[PDB]
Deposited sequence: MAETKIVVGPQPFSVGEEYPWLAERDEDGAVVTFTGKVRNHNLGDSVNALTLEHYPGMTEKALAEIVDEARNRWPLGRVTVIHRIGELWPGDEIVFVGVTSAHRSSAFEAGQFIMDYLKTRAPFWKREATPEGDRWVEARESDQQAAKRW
């Protein structure tokens, strides 16, 4: 039932987050998703007063769609490099289906609703990364 939401520049560690997320015996299914930056540095601009709230609104909606246990959502900001972990979603449930589906949903909605914008520091200047129509479609299925 508790939700951990963190938005900030600091790195996170899946091994550090997992124990808490997985602690409840009634939370028999634990799914995590880590997304890394996909060589140019990326800088993640964000709307600070909204990013945590938006992530929390997505988890609240997930909790109404699936019976979830602990959930953790972490999204980094600042300058990151390919290979760096940018986002972590941890979800638990009694059954795997709920856990997987909610993880997918949380990611799909994060990718279309959480106010972060990536810019790439290319040789010719900063360039904004393009939003993907595939994220829109993925989100629209829910």
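Unmodelled regions of the deposited chain sequence (numbering from residue 1, in sequence order): 1, 40-46.
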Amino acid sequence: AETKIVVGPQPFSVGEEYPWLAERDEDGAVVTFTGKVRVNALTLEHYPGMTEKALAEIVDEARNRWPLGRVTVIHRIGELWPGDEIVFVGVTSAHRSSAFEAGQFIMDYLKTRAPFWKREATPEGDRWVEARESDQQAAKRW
From here on, numbers count along this sequence of modelled residues.
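Superpose the two forms; the largest set of C-alphas matching within 1.5 Å is the rigid core.
Structural divergence in 4 other deposited structures of this protein between 93-101 and 46-54: following superposition by the core, 46-54 has C-alpha atoms lying farther from the shown form. Comparing 121-129 with 16-24, the stretch with the higher mean C-alpha B-factor in the PDB entry is 121-129. Across the two stretches, 53-61 and 39-47, the PDB entry reports the greater mean Cα temperature factor for 39-47.
Taking the PDB entry at face value, the top CA B factor among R70, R76, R113, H95 belongs to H95.
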